Amino acid sequence: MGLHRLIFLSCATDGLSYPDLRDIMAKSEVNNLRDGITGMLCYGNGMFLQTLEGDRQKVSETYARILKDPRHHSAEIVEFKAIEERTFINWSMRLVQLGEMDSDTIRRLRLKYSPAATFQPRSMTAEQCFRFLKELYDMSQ
Amino acid sequence: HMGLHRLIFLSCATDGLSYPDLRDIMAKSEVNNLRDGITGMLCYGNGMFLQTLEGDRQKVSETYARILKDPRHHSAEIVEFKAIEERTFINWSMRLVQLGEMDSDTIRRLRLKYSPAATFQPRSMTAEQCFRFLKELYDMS
Amino acid sequence: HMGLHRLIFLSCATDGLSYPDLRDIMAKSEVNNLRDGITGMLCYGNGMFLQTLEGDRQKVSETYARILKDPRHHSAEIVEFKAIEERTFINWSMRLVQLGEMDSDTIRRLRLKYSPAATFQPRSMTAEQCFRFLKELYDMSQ
Amino acid sequence: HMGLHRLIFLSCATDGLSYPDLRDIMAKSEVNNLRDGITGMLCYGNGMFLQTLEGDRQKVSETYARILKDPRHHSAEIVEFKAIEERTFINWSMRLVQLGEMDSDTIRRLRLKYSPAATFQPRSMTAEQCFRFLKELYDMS
Amino acid sequence: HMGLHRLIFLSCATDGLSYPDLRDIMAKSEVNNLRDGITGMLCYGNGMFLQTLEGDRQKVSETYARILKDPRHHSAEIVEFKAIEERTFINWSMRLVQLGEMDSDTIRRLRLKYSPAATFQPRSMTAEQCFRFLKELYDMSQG
Amino acid sequence: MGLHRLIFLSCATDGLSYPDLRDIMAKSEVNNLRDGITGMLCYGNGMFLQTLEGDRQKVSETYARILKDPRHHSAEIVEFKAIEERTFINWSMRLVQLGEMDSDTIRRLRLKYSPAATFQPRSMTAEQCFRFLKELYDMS
Amino acid sequence: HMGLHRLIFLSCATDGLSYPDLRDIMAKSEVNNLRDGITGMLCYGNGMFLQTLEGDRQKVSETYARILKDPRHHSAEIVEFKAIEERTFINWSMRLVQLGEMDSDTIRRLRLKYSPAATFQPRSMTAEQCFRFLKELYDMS
Amino acid sequence: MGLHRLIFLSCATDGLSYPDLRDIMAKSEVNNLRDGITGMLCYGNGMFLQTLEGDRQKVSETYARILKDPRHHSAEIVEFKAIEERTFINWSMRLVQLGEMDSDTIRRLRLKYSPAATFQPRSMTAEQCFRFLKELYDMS
Amino acid sequence: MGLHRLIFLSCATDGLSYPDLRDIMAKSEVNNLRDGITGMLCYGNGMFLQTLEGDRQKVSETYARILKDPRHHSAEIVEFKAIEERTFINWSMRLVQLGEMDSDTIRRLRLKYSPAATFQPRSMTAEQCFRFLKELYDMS
Amino acid sequence: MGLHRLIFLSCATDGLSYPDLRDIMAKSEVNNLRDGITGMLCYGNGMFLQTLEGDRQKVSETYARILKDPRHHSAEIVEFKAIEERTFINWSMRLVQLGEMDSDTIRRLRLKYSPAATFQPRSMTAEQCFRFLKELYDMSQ
Ligand SMILES: Cc1cc2nc3c(=O)[nH]c(=O)nc-3n(C[C@H](O)[C@H](O)[C@H](O)COP(=O)(O)O)c2cc1C
Ligand SMILES: Cc1cc2nc3c(=O)[nH]c(=O)nc-3n(C[C@H](O)[C@H](O)[C@H](O)COP(=O)(O)O)c2cc1C
Ligand SMILES: Cc1cc2nc3c(=O)[nH]c(=O)nc-3n(C[C@H](O)[C@H](O)[C@H](O)COP(=O)(O)O)c2cc1C
Ligand SMILES: Cc1cc2nc3c(=O)[nH]c(=O)nc-3n(C[C@H](O)[C@H](O)[C@H](O)COP(=O)(O)O)c2cc1C
Ligand SMILES: Cc1cc2nc3c(=O)[nH]c(=O)nc-3n(C[C@H](O)[C@H](O)[C@H](O)COP(=O)(O)O)c2cc1C
Ligand SMILES: Cc1cc2nc3c(=O)[nH]c(=O)nc-3n(C[C@H](O)[C@H](O)[C@H](O)COP(=O)(O)O)c2cc1C
Ligand SMILES: Cc1cc2nc3c(=O)[nH]c(=O)nc-3n(C[C@H](O)[C@H](O)[C@H](O)COP(=O)(O)O)c2cc1C
Ligand SMILES: Cc1cc2nc3c(=O)[nH]c(=O)nc-3n(C[C@H](O)[C@H](O)[C@H](O)COP(=O)(O)O)c2cc1C
Ligand SMILES: Cc1cc2nc3c(=O)[nH]c(=O)nc-3n(C[C@H](O)[C@H](O)[C@H](O)COP(=O)(O)O)c2cc1C
Ligand SMILES: Cc1cc2nc3c(=O)[nH]c(=O)nc-3n(C[C@H](O)[C@H](O)[C@H](O)COP(=O)(O)O)c2cc1C
């Protein structure tokens, strides 16, 4: 039924540590590679913003799995639509931490695509979330 | 906030699904969706569920997260999630439409109009086809 | 003289607003707006105000700055201000529509049509949703 | 949360406006705008102000309502207020540009480029001209 | 021959304009415009003229140069001049519409519809607003 | 009511002299700077092709004065419309004479934007006159 | 072949054209155009011809090449030649409409609607005006 | 992969019989109903013009089978694309014979959508074939 | 009525000689220069493909004279429409012989804009002919 | 009737050999050159994906011949439409084998234009097949 892209956000569980983030990256890369899924996970200011690209069914099944994870709560879908080609091609999953990135670059990128004084993905539109993640992916290459 | 959205998803009915089960689903959704500002429509046929929800980005997502935990269906597949200027499915907090209790010639034309399948197969339908199929049902009701 | 414009804004009615308040707002609004070439419509429901004003860029702005000084409401939020080819809200210099003095079902369906909320919440509505909500009310009030 | 918006307004500076008065304005705007997630640009020339603010619909409104109470100007005119997909005035929570301290030729050409007036007259300019005028100022900083 | 065009302009009527003045204008516009393949409509109201002319690029220009020389009005403003695929104002070489001989409420709402002004002020209206205002006048008073 | 552009053409009156041109350019520069008007005047093959940018009322009044000038006759308006920004920014008024340019570059420019073997602005559309003038202005 | 096309051209009647000439033109046109799959419409008025032919790119061209050798007119000028998705002038292999036998006011308004002229002057008309002019004449028959 | 529509044309083999047409119609109706396929068959002037809607795979497989039928030759694909909704809903396969309908209606229809003096789908674009088949279908 | 472009094709008459080609080019340069006409004539595979830009009347009359020339036959109009600017500016008439150019540049060009295994303008659309001719002109 | 493009896919019959491919390329190179046909053949993961550009009739007949070939089975048409210009100009027929290429560029190219974890033209849209083929043609010059 074709290639799709999903974008959703969520609130991280309190006290998340680096080993927790690395654990997410490690399982996501293996499962996604198996499932034909690509994407990117953005972490900052206690919030997750993720995009997954792939088959309509596979991406749905992965999202239903991600909802069971106790490392986050209060998930919101931002968008689900058919896409002509992938944007997030290179990584089965890439984690980007806004805190390990140039303070100035991120502030300008977060301002560019958002009205918020901090990283607040609930205040961004679907196209803003996409373009935010696209620039993170393009610089994190 | 963030605005009005519509979700469209499909799923498989669990084997043994009973009319009571159908009525229990409708009873709880109507109370919940009314509380949440959610309207929409549930189509059941050929062992398949095809549903749409309209409302707040967060609320619809939370309702979908709850629906994913229901054992009365399995293998849910998201069809689309996007922002909308206005609602189509205004009249009912949640309306159940059974394809089997309907004019066989009306439903045959409808299912053919918006799908390539010889029976009702939402998995073979695009997001636009599911929207238009459901809308004709809503209008016919 | 920069053409015809439309402003849309919303606000919270102040606690204790009474029918005399609504009449005073309408009485001054009709006189000022007729003087200023301003037309529009004010919607009241669920403790919220939703209003649109059409006219000259300077006049409408001046009318809005006066409105922000009015103690009969608070927490104003601008929804949209843009140039327009033609007016939609032609007939009245100002018209009050109370959502509660109307067919509950017609309004319930309209409030659902153009918003995600279980109640009248103009802060949850877009500029296009506010305009189309207001236009349908205007078309029914004729 | 109804998304990112841009406000543009103009006003007349009250007589006697002083250099310390402008610096005070710039000092409070940077603090307030940074607090509120707001960015923008203030233009001063020919006794007139032309400013733009980007950010949240509610915050920008509340900021305009505060600016309207300031005795250092009068006769404000809204030029446009609308939703935007991305910010243009990303770099400064607030920046002052004095047209009088700029190349008489660079500013004269820019003033003619975007208005029919022989002097700076933002009231004679469309929303698009004010935007494009302020943007070139922004790009020259 | 560069095709069909439309001109829209406005002006202030000179003080003391009389009904015979409007009649001399109308009798002469009809004869000249019929000769020159020009059609159009003149609106008079609130001491202001708002007129449109359709025809050949050169003919319309010359008629405007003639109109500019007339002492019966002053302070003309061009609102628009462009090529058009087809005429809107076809039925009359020139038709005069006086806003005062028409339904106040009909004209009132029409003037608000296409302008920000509390009275008829073509100087506050765009080319498109002027076009649409004149077109509704032309359509309603087909007589 | 915003920034507008006018383009018109005309026939020069027989006996046009440089002094004649000197008076035109001198009063135009003064008058246009006062009025917020910019533009360009093209002369060639006995024809004027002009563009003026500025306020709707000002540009019109200037056109009315230009129509009284006896140094030319048979004006035609080419277009009058609103514009987002000026193209002809640099000069309150600039004269360009086609005859004092490469017999090759202008031949082309003209042929590019007209069906005629000589400069015949009555044969050009509004968009052809604009682009033709924009190319001339862009050269200086 | 290479598709359905429409040609529109105009010409001046050779001075002294007679009714029998027009008859003979119409009789050859119906026979030839019917043989060649060509349809169209010929307007005559004020000493001018305005005609359109629809059909094969080759057939219409050759027929036009034959019309060019006819001494009953001169000064032919092509108005338009392009590919078309469907015919407008379907009903007749060739139909003659004389502007001289029509409601004097109907023809006056039609000529004014699609021309800057006080007389029928097809040389003063664009390709779209000729098309719309002939189409209205066709619809009144 | 979704709903598609195919259009193809061919020459009927010499000797085509009404019984021949009926075997085609009967086997097509059964197979297409099995295959979720709908469509329309046009026959005139010795030519076939057909459209099928359904699954990309299914429609292709049916076309491959049509290519082996000896009752026609010189098949030519006209169009194959994804479609949002079916136009040819009502019948799995419906035969419309051009030659036995109103002579004037089919003359106008065939002229409307083609440069030819007889039915010649080889002279028609994809859109012409589609709009032609659709007007036939709408008349049934 | 402004600037137009014509595109047409024809078959060269049997026996066409280089002097014949040189005379066509010679009279075309004079007539077109007088008539304000520019364009390009492409000769290949025994076929002519030409385009002319200029005034609507002049271009037509020139086409009518071209139709009486016995050095070619079977003319087909490809397209005739209004244009905003000339593409074939530099030359009142220029010959491009496909045979005197790189077989590979021309082979690739001919495939890009046609379904044919050789140069066959009768198989090309108006847009394909224009773009074909424009690439020749730009590389010329 | 102009230039067209066909795209189709099929399953290679079991046991396909290098000689098998050489014979396919050999006749296709000859036949397409005779027919004015250009195109490209992609082989990978036991699947064929091909495009042919040329005349509507010739391309159709070449497809009819290809369907009789027993070296593949289960052919599926992807798209057939008229085109303004060719994309695959340089070759009458060129074979590209995905396994004789860099796992990365092919893997990422294949992910770019499909949801699948391996090459599966059956899950690809018409526009994805075209773009997949076009990047292959562009790389192998
Ligand atoms: C924010 C977040 C994003 C995640 N994204 C993915 C993902 O994209 N793919 C994935 O396989 N698991 C993802 N996970 C982890 C799953 O929730 C879960 O732990 C994982 O799929 C375990 O899979 P298993 O049950 O098959 O072993 C994510 C978890 C979090 C908290
Ligand atoms: C096909 C299907 C559709 C459902 N749709 C909705 C719905 O629209 N809204 C809702 O509140 N529950 C819906 N449910 C039910 C949820 O799974 C769950 O039973 C419900 O939210 C229970 O709410 P509770 O928190 O009051 O127990 C649906 C269940 C199924 C099987
Ligand atoms: C919700 C609301 C809407 C209002 N709308 C208008 C209006 O459209 N026009 C107006 O003149 N005043 C309006 N007002 C009132 C103004 O704030 C102010 O009281 C009024 O202009 C005072 O007029 P005056 O000082 O000239 O007598 C509104 C007030 C409220 C609370
Ligand atoms: C032209 C002008 C522009 C201003 N722009 C801003 C601004 O962008 N943000 C802001 O907070 N204040 C701005 N101000 C200042 C406000 O009028 C006011 O002094 C400030 O919002 C006070 O905030 P407070 O309640 O924290 O004292 C501006 C004042 C002027 C005269
Ligand atoms: C508002 C106004 C509109 C006019 N419109 C026209 C017109 O459409 N056609 C026309 O010939 N004269 C029109 N005139 C009159 C001309 O100024 C002038 O008197 C007239 O063309 C004299 O024509 P004649 O000298 O060629 O006889 C108009 C005058 C006014 C004041
Ligand atoms: C072709 C041509 C173009 C002209 N353009 C302008 C112009 O752009 N601005 C201007 O003020 N005068 C222009 N003029 C001259 C005016 O017609 C008139 O002589 C001048 O405005 C008178 O200036 P004054 O009113 O100060 O005496 C032009 C004259 C000609 C012949
Ligand atoms: C204005 C005009 C329009 C004509 N239109 C057609 C036409 O549409 N079809 C046609 O066959 N002949 C038309 N003709 C006639 C041709 O010039 C020619 O005389 C006729 O095609 C001769 O037929 P033939 O092939 O038997 O010699 C027209 C002639 C004139 C003067
Ligand atoms: C013009 C024409 C159209 C046909 N269309 C169809 C068709 O739409 N569906 C179909 O199943 N067979 C169609 N056929 C018949 C096939 O060629 C073949 O006989 C049929 O699929 C046999 O099916 P079988 O597997 O049951 O033997 C058509 C034949 C012709 C000549
Ligand atoms: C393929 C071809 C193209 C021609 N192109 C032109 C042309 O562009 N301009 C032109 O004047 N003659 C052109 N001609 C020649 C005319 O047919 C005729 O010979 C020429 O115009 C001389 O006529 P004249 O001396 O009466 O002017 C062309 C001839 C052929 C065969
Ligand atoms: C995947 C695949 C692609 C093929 N592509 C072509 C092709 O593009 N052109 C062609 O002539 N044959 C192609 N063939 C081969 C034909 O099936 C047949 O072998 C060939 O056309 C020889 O025809 P002929 O010997 O009758 O002349 C292809 C075969 C396969 C398996």
# chains A, B, ... in the order shown; residues from 1 in each chain; ligands from 1

call {"tool": "residues_near_ligand", "arguments": {"ligand": "ligand 3", "cutoff": "6 Å", "atoms": "only C-alpha atoms and all ligand atoms", "output": "PDB file with N, CA and C atoms, in the first residue's frame"}}
result
ATOM      1  N   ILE C  25     -22.198  48.101  25.112  1.00  0.00           N
ATOM      2  CA  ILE C  25     -21.215  47.792  24.072  1.00  0.00           C
ATOM      3  C   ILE C  25     -21.834  47.960  22.682  1.00  0.00           C
ATOM      4  N   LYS C  28     -22.687  51.855  21.820  1.00  0.00           N
ATOM      5  CA  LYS C  28     -21.526  52.641  21.417  1.00  0.00           C
ATOM      6  C   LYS C  28     -20.935  52.110  20.117  1.00  0.00           C
ATOM      7  N   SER C  29     -20.875  50.772  19.975  1.00  0.00           N
ATOM      8  CA  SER C  29     -20.256  50.153  18.797  1.00  0.00           C
ATOM      9  C   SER C  29     -20.979  50.540  17.512  1.00  0.00           C
ATOM     10  N   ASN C  32     -20.092  54.385  16.836  1.00  0.00           N
ATOM     11  CA  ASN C  32     -18.704  54.561  16.425  1.00  0.00           C
ATOM     12  C   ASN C  32     -18.441  53.879  15.092  1.00  0.00           C
ATOM     13  N   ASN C  33     -18.885  52.634  14.944  1.00  0.00           N
ATOM     14  CA  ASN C  33     -18.580  51.926  13.704  1.00  0.00           C
ATOM     15  C   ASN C  33     -19.247  52.602  12.492  1.00  0.00           C
ATOM     16  N   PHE C  49     -15.798  36.053  24.024  1.00  0.00           N
ATOM     17  CA  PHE C  49     -16.128  36.946  22.939  1.00  0.00           C
ATOM     18  C   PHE C  49     -15.343  36.544  21.698  1.00  0.00           C
ATOM     19  N   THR C  63     -10.111  51.343  16.539  1.00  0.00           N
ATOM     20  CA  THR C  63     -11.206  50.746  17.290  1.00  0.00           C
ATOM     21  C   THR C  63     -10.700  49.621  18.184  1.00  0.00           C
ATOM     22  N   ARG C  66      -9.030  50.924  21.349  1.00  0.00           N
ATOM     23  CA  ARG C  66     -10.020  51.322  22.351  1.00  0.00           C
ATOM     24  C   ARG C  66     -10.584  50.105  23.060  1.00  0.00           C
ATOM     25  N   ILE C  67     -10.918  49.062  22.292  1.00  0.00           N
ATOM     26  CA  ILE C  67     -11.499  47.835  22.843  1.00  0.00           C
ATOM     27  C   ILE C  67     -10.568  47.195  23.874  1.00  0.00           C
ATOM     28  N   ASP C  70     -11.138  48.401  27.246  1.00  0.00           N
ATOM     29  CA  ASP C  70     -12.431  48.153  27.883  1.00  0.00           C
ATOM     30  C   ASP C  70     -12.307  47.152  29.032  1.00  0.00           C
ATOM     31  N   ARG C  72     -14.646  45.517  30.396  1.00  0.00           N
ATOM     32  CA  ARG C  72     -15.686  44.509  30.296  1.00  0.00           C
ATOM     33  C   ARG C  72     -15.200  43.188  29.697  1.00  0.00           C
ATOM     34  N   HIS C  73     -13.906  43.046  29.408  1.00  0.00           N
ATOM     35  CA  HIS C  73     -13.328  41.780  28.974  1.00  0.00           C
ATOM     36  C   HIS C  73     -11.851  41.836  29.268  1.00  0.00           C
TER      37      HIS C  73
END

call {"tool": "residues_around", "arguments": {"residues": "residue 30 of chain B", "least_positions_apart": "5", "cutoff": "9 Å", "atoms": "only C-alpha atoms", "output": "list in words"}}
result
residues 25, 35, 38, 39, 92, 93, 94 and 95 of chain B

call {"tool": "write_last_selection", "arguments": {"atoms": "N, CA and C atoms", "output": "tab-separated table (two decimals), in the first residue's frame"}}
result
chain	number	residue	atom	x	y	z
B	25	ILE	N	-18.78	-1.47	22.85
B	25	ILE	CA	-17.86	-0.51	22.24
B	25	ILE	C	-18.57	0.82	21.99
B	35	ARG	N	-17.12	13.51	25.83
B	35	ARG	CA	-16.33	14.23	26.82
B	35	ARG	C	-15.10	14.89	26.18
B	38	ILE	N	-14.70	14.68	20.61
B	38	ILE	CA	-14.41	13.81	19.48
B	38	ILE	C	-15.69	13.37	18.80
B	39	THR	N	-15.70	13.41	17.48
B	39	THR	CA	-16.77	12.87	16.66
B	39	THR	C	-16.15	11.88	15.69
B	92	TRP	N	-22.32	12.72	14.97
B	92	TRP	CA	-22.31	11.65	15.97
B	92	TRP	C	-21.00	11.61	16.71
B	93	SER	N	-21.09	11.53	18.03
B	93	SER	CA	-19.89	11.27	18.81
B	93	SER	C	-19.22	10.00	18.34
B	94	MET	N	-20.01	9.03	17.91
B	94	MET	CA	-19.54	7.81	17.30
B	94	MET	C	-20.74	7.01	16.79
B	95	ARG	N	-20.77	6.73	15.50
B	95	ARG	CA	-21.86	6.01	14.86
B	95	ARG	C	-21.30	4.74	14.28

call {"tool": "interface_residues", "arguments": {"of": "chain F", "to": "chain E", "cutoff": "6 Å", "atoms": "only C-alpha atoms", "output": "JSON, numbers by chain"}}
result
{"F": [57, 60, 76, 77, 79, 80, 81]}

call {"tool": "write_last_selection", "arguments": {"atoms": "N, CA, C and O atoms", "output": "CSV table (one decimal), in the first residue's frame"}}
result
chain,number,residue,atom,x,y,z
F,57,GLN,N,-2.3,58.7,-7.2
F,57,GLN,CA,-2.7,60.1,-7.6
F,57,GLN,C,-1.6,60.9,-8.2
F,57,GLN,O,-1.8,61.5,-9.3
F,60,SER,N,-0.8,59.9,-11.8
F,60,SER,CA,-1.9,60.3,-12.7
F,60,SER,C,-1.8,61.8,-13.0
F,60,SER,O,-1.8,62.2,-14.2
F,76,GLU,N,-0.5,57.0,-26.0
F,76,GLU,CA,-1.3,55.8,-25.7
F,76,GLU,C,-0.9,55.3,-24.3
F,76,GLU,O,0.3,55.1,-24.1
F,77,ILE,N,-1.9,55.1,-23.4
F,77,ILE,CA,-1.5,54.4,-22.2
F,77,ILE,C,-1.3,52.9,-22.6
F,77,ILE,O,-2.0,52.3,-23.4
F,79,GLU,N,-0.2,50.5,-19.9
F,79,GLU,CA,-0.7,49.8,-18.7
F,79,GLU,C,-0.7,50.7,-17.5
F,79,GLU,O,0.1,51.7,-17.4
F,80,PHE,N,-1.6,50.5,-16.6
F,80,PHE,CA,-1.6,51.2,-15.3
F,80,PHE,C,-2.1,50.2,-14.3
F,80,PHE,O,-3.2,49.7,-14.4
F,81,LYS,N,-1.2,49.8,-13.3
F,81,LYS,CA,-1.6,48.8,-12.3
F,81,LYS,C,-0.7,49.0,-11.1
F,81,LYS,O,0.2,49.8,-11.1

call {"tool": "residues_near_ligand", "arguments": {"ligand": "ligand 2", "cutoff": "6 Å", "atoms": "only C-alpha atoms and all ligand atoms", "output": "list in words"}}
result
residues 25, 28, 29, 32, 33, 49, 63, 66, 67, 70, 72 and 73 of chain B

call {"tool": "write_last_selection", "arguments": {"atoms": "N, CA and C atoms", "output": "PDB file, in the first residue's frame"}}
result
ATOM      1  N   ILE B  25     -18.780  -1.471  22.846  1.00  0.00           N
ATOM      2  CA  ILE B  25     -17.862  -0.512  22.238  1.00  0.00           C
ATOM      3  C   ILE B  25     -18.568   0.815  21.988  1.00  0.00           C
ATOM      4  N   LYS B  28     -19.329   2.876  25.320  1.00  0.00           N
ATOM      5  CA  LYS B  28     -18.238   3.574  25.977  1.00  0.00           C
ATOM      6  C   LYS B  28     -17.652   4.681  25.088  1.00  0.00           C
ATOM      7  N   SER B  29     -17.499   4.440  23.780  1.00  0.00           N
ATOM      8  CA  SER B  29     -16.939   5.483  22.914  1.00  0.00           C
ATOM      9  C   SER B  29     -17.810   6.743  22.921  1.00  0.00           C
ATOM     10  N   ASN B  32     -17.112   8.728  26.069  1.00  0.00           N
ATOM     11  CA  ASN B  32     -15.732   9.217  26.021  1.00  0.00           C
ATOM     12  C   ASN B  32     -15.533  10.269  24.929  1.00  0.00           C
ATOM     13  N   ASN B  33     -15.991   9.996  23.706  1.00  0.00           N
ATOM     14  CA  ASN B  33     -15.746  10.954  22.634  1.00  0.00           C
ATOM     15  C   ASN B  33     -16.502  12.260  22.889  1.00  0.00           C
ATOM     16  N   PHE B  49     -12.643  -3.581  10.658  1.00  0.00           N
ATOM     17  CA  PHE B  49     -13.022  -2.290  11.210  1.00  0.00           C
ATOM     18  C   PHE B  49     -12.354  -1.210  10.364  1.00  0.00           C
ATOM     19  N   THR B  63      -7.111   8.726  22.525  1.00  0.00           N
ATOM     20  CA  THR B  63      -8.185   7.754  22.276  1.00  0.00           C
ATOM     21  C   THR B  63      -7.666   6.579  21.460  1.00  0.00           C
ATOM     22  N   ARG B  66      -5.720   4.251  23.549  1.00  0.00           N
ATOM     23  CA  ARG B  66      -6.620   3.390  24.309  1.00  0.00           C
ATOM     24  C   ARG B  66      -7.219   2.298  23.418  1.00  0.00           C
ATOM     25  N   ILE B  67      -7.643   2.661  22.207  1.00  0.00           N
ATOM     26  CA  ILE B  67      -8.209   1.678  21.281  1.00  0.00           C
ATOM     27  C   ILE B  67      -7.206   0.586  20.957  1.00  0.00           C
ATOM     28  N   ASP B  70      -7.400  -2.607  23.026  1.00  0.00           N
ATOM     29  CA  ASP B  70      -8.624  -3.389  23.049  1.00  0.00           C
ATOM     30  C   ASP B  70      -8.401  -4.761  22.406  1.00  0.00           C
ATOM     31  N   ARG B  72     -10.751  -6.713  21.487  1.00  0.00           N
ATOM     32  CA  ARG B  72     -11.826  -7.056  20.561  1.00  0.00           C
ATOM     33  C   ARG B  72     -11.441  -6.802  19.097  1.00  0.00           C
ATOM     34  N   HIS B  73     -10.227  -6.312  18.839  1.00  0.00           N
ATOM     35  CA  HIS B  73      -9.667  -6.265  17.495  1.00  0.00           C
ATOM     36  C   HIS B  73      -8.164  -6.343  17.646  1.00  0.00           C
TER      37      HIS B  73
END

call {"tool": "residues_around", "arguments": {"residues": "segment 9-23 of chain G", "least_positions_apart": "4", "cutoff": "6 Å", "atoms": "only C-alpha atoms", "output": "list in words"}}
result
residues 47, 48, 49, 50, 51, 72, 73, 74, 75, 76, 77, 78 and 79 of chain G

call {"tool": "write_last_selection", "arguments": {"atoms": "C-alpha atoms", "output": "PDB file, in the first residue's frame"}}
result
ATOM      1  CA  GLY G  47     -16.388  41.908 -46.259  1.00  0.00           C
ATOM      2  CA  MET G  48     -14.373  39.561 -44.001  1.00  0.00           C
ATOM      3  CA  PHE G  49     -14.249  35.823 -43.479  1.00  0.00           C
ATOM      4  CA  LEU G  50     -13.541  34.222 -40.081  1.00  0.00           C
ATOM      5  CA  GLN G  51     -13.358  30.416 -40.193  1.00  0.00           C
ATOM      6  CA  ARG G  72     -12.687  34.425 -53.876  1.00  0.00           C
ATOM      7  CA  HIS G  73     -10.616  35.813 -50.949  1.00  0.00           C
ATOM      8  CA  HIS G  74      -7.185  37.264 -50.242  1.00  0.00           C
ATOM      9  CA  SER G  75      -5.021  38.415 -47.327  1.00  0.00           C
ATOM     10  CA  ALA G  76      -5.418  35.278 -45.247  1.00  0.00           C
ATOM     11  CA  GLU G  77      -4.082  35.523 -41.723  1.00  0.00           C
ATOM     12  CA  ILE G  78      -3.712  32.580 -39.371  1.00  0.00           C
ATOM     13  CA  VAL G  79      -5.201  33.283 -35.960  1.00  0.00           C
TER      14      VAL G  79
END

call {"tool": "residues_around", "arguments": {"residues": "segment 99-107 of chain A", "least_positions_apart": "3", "cutoff": "10 Å", "atoms": "only C-alpha atoms", "output": "list in words"}}
result
residues 43, 44, 45, 96, 110, 111, 112, 117, 118, 119, 132, 136 and 140 of chain A; 90 and 91 of chain D
